[PDB]
Amino acid sequence: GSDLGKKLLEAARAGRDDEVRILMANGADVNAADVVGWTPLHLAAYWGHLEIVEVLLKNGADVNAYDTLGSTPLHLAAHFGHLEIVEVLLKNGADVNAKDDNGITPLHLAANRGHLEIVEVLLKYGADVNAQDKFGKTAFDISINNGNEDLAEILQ
Amino acid sequence: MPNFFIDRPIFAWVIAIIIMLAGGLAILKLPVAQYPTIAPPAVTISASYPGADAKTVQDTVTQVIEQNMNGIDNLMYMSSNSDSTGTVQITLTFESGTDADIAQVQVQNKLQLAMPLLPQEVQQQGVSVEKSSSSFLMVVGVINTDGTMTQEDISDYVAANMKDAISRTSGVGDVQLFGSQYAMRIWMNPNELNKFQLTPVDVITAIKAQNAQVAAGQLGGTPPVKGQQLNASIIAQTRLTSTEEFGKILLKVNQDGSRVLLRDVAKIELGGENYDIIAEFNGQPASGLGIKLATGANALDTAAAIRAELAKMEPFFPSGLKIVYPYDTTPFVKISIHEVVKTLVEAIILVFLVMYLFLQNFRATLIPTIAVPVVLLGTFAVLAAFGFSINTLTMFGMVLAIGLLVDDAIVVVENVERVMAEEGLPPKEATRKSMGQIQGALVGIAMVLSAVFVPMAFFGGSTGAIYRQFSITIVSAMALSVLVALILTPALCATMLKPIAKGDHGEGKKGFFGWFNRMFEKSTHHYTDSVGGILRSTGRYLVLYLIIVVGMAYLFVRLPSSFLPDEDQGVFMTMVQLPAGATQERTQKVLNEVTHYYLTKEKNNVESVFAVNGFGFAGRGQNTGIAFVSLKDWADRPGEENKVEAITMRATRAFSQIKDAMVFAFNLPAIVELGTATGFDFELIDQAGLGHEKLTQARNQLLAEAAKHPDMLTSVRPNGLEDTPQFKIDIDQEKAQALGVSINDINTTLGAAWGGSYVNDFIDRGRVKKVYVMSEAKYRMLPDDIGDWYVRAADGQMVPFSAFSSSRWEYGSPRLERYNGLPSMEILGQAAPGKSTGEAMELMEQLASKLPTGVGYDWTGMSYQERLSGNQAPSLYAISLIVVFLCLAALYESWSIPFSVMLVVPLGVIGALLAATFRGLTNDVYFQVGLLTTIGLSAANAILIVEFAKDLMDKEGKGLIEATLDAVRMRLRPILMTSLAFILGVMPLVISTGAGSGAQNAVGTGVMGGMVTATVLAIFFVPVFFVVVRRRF
Amino acid sequence: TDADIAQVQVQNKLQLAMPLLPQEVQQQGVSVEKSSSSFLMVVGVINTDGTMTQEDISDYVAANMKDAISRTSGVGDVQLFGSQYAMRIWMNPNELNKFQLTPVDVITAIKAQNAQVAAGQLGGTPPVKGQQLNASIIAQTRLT
Amino acid sequence: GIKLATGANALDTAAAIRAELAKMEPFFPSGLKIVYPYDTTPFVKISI
Amino acid sequence: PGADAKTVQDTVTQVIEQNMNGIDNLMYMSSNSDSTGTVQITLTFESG
Amino acid sequence: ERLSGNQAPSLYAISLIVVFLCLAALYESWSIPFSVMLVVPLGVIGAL
Ligand SMILES: CCCCCCCCCCCCO[C@@H]1O[C@H](CO)[C@@H](O[C@H]2O[C@H](CO)[C@@H](O)[C@H](O)[C@H]2O)[C@H](O)[C@H]1O
Ligand SMILES: CN(C)c1ccc(O)c2c1C[C@H]1C[C@H]3[C@H](N(C)C)C(O)=C(C(N)=O)C(=O)[C@@]3(O)C(O)=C1C2=O
């Protein structure tokens, strides 16, 4: 960890675009991670800060960085319904099929929260409709258990 | 009345003796404390939910309690925190004047009825309902110096062998243990458990069965068969008493017949109930007692009684155990009493000297020396009767009143002496004539002072409670003062003064007094010449007066306001705040630095550092701590450089370097409620369904906007905690059902191991104590540890936690706040320099009006007590103004002549402001009360000038100017005498350094500035006021 | 009679009976009040756009207005003319029998799966030496 | 339906109730409105 | 119920008594703990 | 009983002092008062 890295984790989390700008100009480590393995990109993904997501990617952020439980920024953005950030991440080479330690994918997460547009994007980018988590569940299993009919229909 | 007692000096003495006995008695029995109760009554509800996260606490405890806080009288507002240490505190604040006992029983009773809705483990811990207090009498530290005891060892020793005796000590109202009594600690090993197909559930079950009190009955109990010879109680199973016995608890018998005991799956030891606080006193393990003074108790007696009890425990201490006193307000309070007694005594001595300098005979000298103590004693008796205590405020109240008391004594005696020298009348006849001249004015003065100070007793809230202490003290003193002036001092004059030959002004005397008299007689003529010239040219003086009034307003508007002066109380505080998520060990490192600094760099100033790791003020947790610093006695800290303010400043600069931590030192506030600062206290509120995240966004929005007005708002900040990473674990219901693993087994296995669980009680050397099970540390540190915990399925197979769970990182709140039952976030800030808190509050409301739909706000605390009892000041001094005018009108039998007295007000205020401004002080409580007494005394001087003038015109047919010059000639000496004695007397206060000098300066500076300009200006301006007012009508 | 003391004396005796009462009675909350028997006023609430039913308004009132009114000094008792919302589970005996289940299973499942668990902390005190992580463990939370 | 606590002042309590309702109104859902169907308070104030 | 005198004293009487501090006007306190498990604690206050 | 006995001397002393002062005040004398107070043992001995 570094001084400016800490400041960047905080600014990305807070969505302070201008500070991120300045920090990017000064070489603040885009690959800094806190104790649970979240990078500034994780943070911006989680809290829905799109412009910072884009800035961070222009500045060499690891789009497929994973935390200590194997989750990527795409997991976060997909889970919390940030559609534009999901799109940007995918445009920049996010692994649409990344499995966290639980065998959970971005598609599983988006299904579970019923984010329909995000599910369509992930499918559009090759999300594996048949991927099973550690319990043998698919996005489709999740949709019928949740009783989400629109979602179930999308997943055939 | 004066006539009555001039003929009845013995009756007058009897009244005086009665007053003295009452006051003497009052002095013996009066309670003593640093401060009286000031803050509105509050009741706190505290609950503990072992291993609970903030949201769990809030949603299974806090909301439920809050929803039952109905039908309670005189509630102002209610607030709460729920946090991830598993703690909730709900605070209910009541209207000033509410009976705190009733408030508290109504709260406790509504709680009792909500208990059945709380979780079992919360009912088990209990929920405490208490009266709130932030002030301690003292903190007794208890340390072990030979490395043989842990803080847990010490806390239990204190709990078992010291606390109860201190609680039973005379005058103590409450004692808090800084730690806990022992708990029986069962630290489980998941590998051992799984080895024998056991879980924490089996451990809890076995403990509940083998550590229990079992009822049996009696042999030969009633109804018996007749002829029974024996009746005896049956004793069956009773609780375990020792770690050995807990160790031998039987968990399982294997097929080979071998036995699994609790000690085979766990480490067993006496330990603490909690491990969140690590306390050290100069690096050594520490516990302690926080002691509060009981209602009506005498602080000094109690502190003394506490020390005597401790001393008689000392012989039985184990080796290395030592008592330490890091905080004790008593020595400071002793100083204040000695200083106030010193001030009053030398005031009396100064009056003595001034009386002899001018009057030059010891008999006149003795009269004030008797009258003033009689007034003081009687005032104590009245205060006592009112239920007041001897405290900082009431003591300084009497100091602020000294000028007023002395003036009544000097005025009565000086006038008799003048009349004797000017007329040759014998002492008795002179005294009658003299009281005939000042009688009505003395009463008028008492009424006017009453009209000035009494309205000040009617301010609301906390600042009102403070003002009331000065108001009632000073008004009582004035009441006694005029009674003694109409009763005792005339009697004393008529019977103790020697005659003076007509025309004898002592100018024939030899030596110094001979030279003083001719000097002062000439000065009087010079003085009256000037007044004569001034009165030939009053136009320019009206201009000068307006210039003073304008300047008074100018200085008044720029003088920053405050509440009470900081003091060097021999102690101060250091805040240690690490980033969110920082562990206890990291926080300890920084406290170690802080401590090493003070014991090195401040070696000559610091006695001790009491380091409390894990404790904060606005949120506990592993990442926060405090270092409480105790200094050597003021006597070993000569100079401003070795006083608290300087030590603190150096500390904070030194710690500004410290790496990843905010570390700063600060002095303690005089009270602590009252919030000092400029300070406003704002609550942002979720009024709709919004939720924590949307409330946070709205808060951030507000804070960003506030920051754009540095001109108006400064340091606008949240008072709470930011969200932090938390570990979310999902139990898969289906997989658990498929494996035959019950959810209950899963959840208690998790909670017991990782959170700890209060099982039941045991008896440790005759004292009942708790039994806790929890994982040994190394098995509950990290996510990978989760999978080492196994649960037994119905079919007997051991199933690892990883088989039926999944986990992810997320963010959540470590501390959830609510206000009046709704989600909330407290924001602190202050008005920017030059700006009024009222202005700052208005902006905050404006910014608050533009926040997202559903977001509301409120004012609480010090700000709640501005939105009301501040819109109240102007109408009180309007009432004061009107009543003062009405008294003067009655005194002078004129609607217009009163103005010539009231015009004096700015003359003293200008000097007070000039002096406070110059010395860099503030417009605080002592300043303000001082303004009132300075105004009061100058008004009394003016009243007697106008009175003399007006009577010369009415009774001797003299002209306006002729009467004014004669009036002002007669009043010059008594006016100078009082001012001289007073100004000299309040001078030590102005220059004072060291303990209590903050208060002493605030009292002295304003009074001395004001009395100088009031005296010097009014002896020239009052003649002008009277002449111009009389001409105009 | 001092109504404060009367209420205190009544409740002191009530808490002696409380433990002898059925658990379902204690959980509904028994209350002790000191008020007049007649209504001071009735505060009515309506929706002039007709966008809320009787049930909706009643829940709105119970959930956003009634508690603060109930805490207001001088308010002795407050009656809601309606009912706060609850999670209503309307059981079907035919389907219960079809799956060989009863209301007892339904009740047990609800207690098991609508639970708010205390689960402790990673890196919680007392910790091992050199611990770097401290975080709350969040398990089951109440359904919503 | 609000009942007055034993001994409490009816007019003061009604005032405090209105003050409290005033704090709530700005956050009502659209269409929600308070009406005043039954009040024993006005008559006291008016008859006096 | 069922507790002996010493057990009820250690688990009940002493627990209550050590919380009976800082009560106004308390003159003295007496208690007894007995073999039927019953505890009685009497607190006597100054005459006024 | 202990309290009763302990405060009695104080009671007598303050009572005698008050009686003396009232006399002094009423008869504008210290001598008249001292003259009558000397009577007190004359009555007390009979009571005893
Ligand atoms: C105890 C405090 C003692 C402090 C003493 C320090 C000195 C204070 C001086 C007070 C001011 C008195 O100043 C007084 O002014 C008036 C004018 O206004 C002068 O009066 C003179 O000038 C005026 C105006 O030209 C003429 O009308 C007047 O006939 C003439 O005698 C007085 O001669 C002077 O004595
Ligand atoms: C905050 N304070 C003055 C101190 C100072 C030094 C200390 O050494 C301690 C405290 C707080 C007290 C509170 C007590 C409390 N109780 C009176 C037993 C308590 O409920 C808790 C708790 N975490 O639940 C403690 O931390 C606690 O056990 C504790 O360990 C403390 C402690 O060790």
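Taking K and R as +1 and D and E as -1, what net charge do the other residues with C-beta under 13 Å from the C-beta of E:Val39 add up to?
-3
The stretch A:95-156 to the stretch B:873-896: how many Å between their Cα centroids?
For the stretch A:95-156 versus the stretch B:873-896, the Cα centre distance is 83 Å.
In whole Å, what are the extents of the stretch B:68-195 along the principal axes defined by its C-alpha atoms, from largest to smallest?
Reported extents, whole Å, longest axis first: 54, 48, 22.
Quick check: convex hull of the Cα atoms in the stretch B:129-169, volume per residue, rounded to a whole Å³?
Residue-normalised Cα hull volume stands at 120 Å³.
What is the order of B:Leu695, B:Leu668, fewest Cβ neighbours within 10 Å to most?
B:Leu668, B:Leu695
Per 20 Å bin, what percent of the C-alpha pairs of the protein assembly as shown does each bin hold, from zero upward?
Bin by bin from 0 Å, the calculated values are 8, 28, 33, 20, 9, 2, 0.
Quick one: if you take sqrt(5λ) for each eigenvalue of the C-alpha gyration tensor of the stretch B:180-275, what semi-axes come out, biggest first, whole angstrom?
37, 19, 10
Tell me which DSSP H helices of chain B clear both cut-offs, 27 Å or more of axial length from alpha-carbon atoms and a mean Kyte-Doolittle hydropathy of at least -0.5. Intermediate results must be reported in sequence, preceding the final value.
Details: long enough: B:9-29 (30 Å, 2.25); B:330-359 (43 Å, 1.71); B:362-386 (37 Å, 1.93); B:402-423 (31 Å, 0.81); B:427-453 (36 Å, 0.56); B:461-496 (50 Å, 1.44); B:511-535 (36 Å, -0.26); B:538-558 (30 Å, 1.58); B:873-892 (29 Å, 2.15); B:925-955 (44 Å, 0.97); B:960-985 (36 Å, 1.07); B:997-1032 (48 Å, 1.15).
Span-like helices here: B:9-29, B:330-359, B:362-386, B:402-423, B:427-453, B:461-496, B:511-535, B:538-558, B:873-892, B:925-955, B:960-985, B:997-1032.
On average, how much area does the Cα convex hull of the stretch B:724-812 cover when viewed from any direction, in nm²?
So the Cα hull casts an average projection of 7.7 nm².
What area, in nm² and to one decimal, does the C-alpha convex hull of the stretch F:9-48 cast on average over all directions?
Result: a mean projected hull area of 2.9 nm².
Determine how many Å³ per residue the convex hull of the Cα atoms of the stretch B:613-672 encloses.
Considering the Cα atoms of the stretch B:613-672, their hull volume per residue is 103 Å³.
What does the charge count near B:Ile102 come to, summing +1 for each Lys or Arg and -1 for each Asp or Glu among other residues with Cβ under 14 Å from its Cβ?
Computed value for this residue: -4.
Where Rh is the Kirkwood radius over the Cα pairs of the stretch A:89-131, the temperature 25 °C and the viscosity 0.890 mPa s, what D in µm²/s does Stokes-Einstein return? Each step should come with its number before you reach the end.
Numbers: Rh = 10.4 Å.
Answer from the Stokes-Einstein relation: 236 µm²/s.
How many angstrom separate the Cα center of the stretch B:580-634 from the Cα center of the stretch B:802-829?
If we compute the Cα centre of each part, the gap is 28 Å.
Could you point to the residue in B:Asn161, B:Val759, B:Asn517 farthest towards the positive end of chain B's charge dipole, with +1 and -1 charges on the Cβ of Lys/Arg and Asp/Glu respectively?
Comparing the listed Cα positions along the dipole, B:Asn517 ranks first.
What whole number of Å gives the distance from the Cα centroid of the stretch B:644-710 to the Cα centroid of chain D?
After rounding, the separation between the Cα centres reads 38 Å.
Express as a percent, rounded to the nearest 5, the fraction of DSSP beta bridges in chain B (both residues included) that run antiparallel. Intermediate values should be presented prior to the final figure.
Values: 114 of 122 bridges.
Percent antiparallel among DSSP bridges in chain B is about 95.
Roughly how crowded by other chains is peptide D:31-41, in terms of the mean Cβ count from those chains within 10 Å of each of its Cβ atoms?
6
What is the pair-distance distribution P(r) of chain B, computed from all Cα-Cα distances in 20 Å bins starting at 0, with each bin given as a whole percent?
11, 34, 29, 17, 7, 2, 0
So for B:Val411, B:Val550, B:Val1007, fewest C-beta neighbours within 10 Å to most, what's the order?
Least crowded to most crowded, the residues run B:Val550, B:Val411, B:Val1007.
For the Cα atoms of chain A, what angle does the longest principal axis make with the long axis of helix A:3-14, in degrees from 0 to 90, nearest 10?
Taking Cα atoms only, the helix is inclined about 50 degrees.
Hey, any idea what the orientation-averaged projected area of the convex hull of the stretch A:19-132's Cα atoms comes to, in nm²?
Values: hull surface 25.6 nm².
Mean projected area for the stretch A:19-132: 6.4 nm², to one decimal.
What value does chain C have for Rg/Rh, both radii from Cα atoms and Rh as Kirkwood defines it? Walk me through the numbers before you get to the answer.
Values: Rg = 23.0 Å, Rh = 21.0 Å.
Expressed as Rg/Rh, it is 1.10.
Based on the Cα coordinates of the stretch B:340-447, what is the per residue volume of their convex hull in Å³?
On the way: hull volume 11.5 nm³, N = 108.
So the per-residue Cα hull volume is 106 Å³.
For a quick check: with amide H placed at 1.01 Å from N, whose amide H comes under 5 Å from B:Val606's, ignoring anything fewer than 5 positions away on the same chain?
B:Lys632
Please express the shape of the stretch B:624-718 as an equivalent ellipsoid: the semi-axes are the square roots of 5 times the eigenvalues of the C-alpha gyration tensor, given largest first in whole angstrom. Each step should come with its number before you reach the end.
Numbers: eigenvalues 268, 51, 42 Å².
They are 37, 16, 14 Å, listed largest first.
So, counting K/R as plus one and D/E as minus one, what does the shell of residues with Cβ under 14 Å around B:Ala963 add up to?
My count for the surroundings of B:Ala963 gives +1.
With the cut-off at 1.5 for a/c, could you classify the stretch B:566-673 from its C-alpha gyration tensor as rounded, prolate or oblate?
prolate
Quick check on the protein assembly as shown: helices-only [θ] at 222 nm, where DSSP H runs of length 4 and up contribute -39,500 (n - 2.57) each and the sum goes over total residues. Nearest 500, please. If you can, show how the numbers build up before the last one.
Values: 57 runs with 732 residues, N = 1477.
After summing the helix terms and dividing by residue count, I get -15500 deg cm²/dmol.
Cβ: placed from backbone, ideal geometry, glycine included. Neighbour counts: every protein chain shown. Values in this text are rule-based calculations from the coordinates and carry no lab data.
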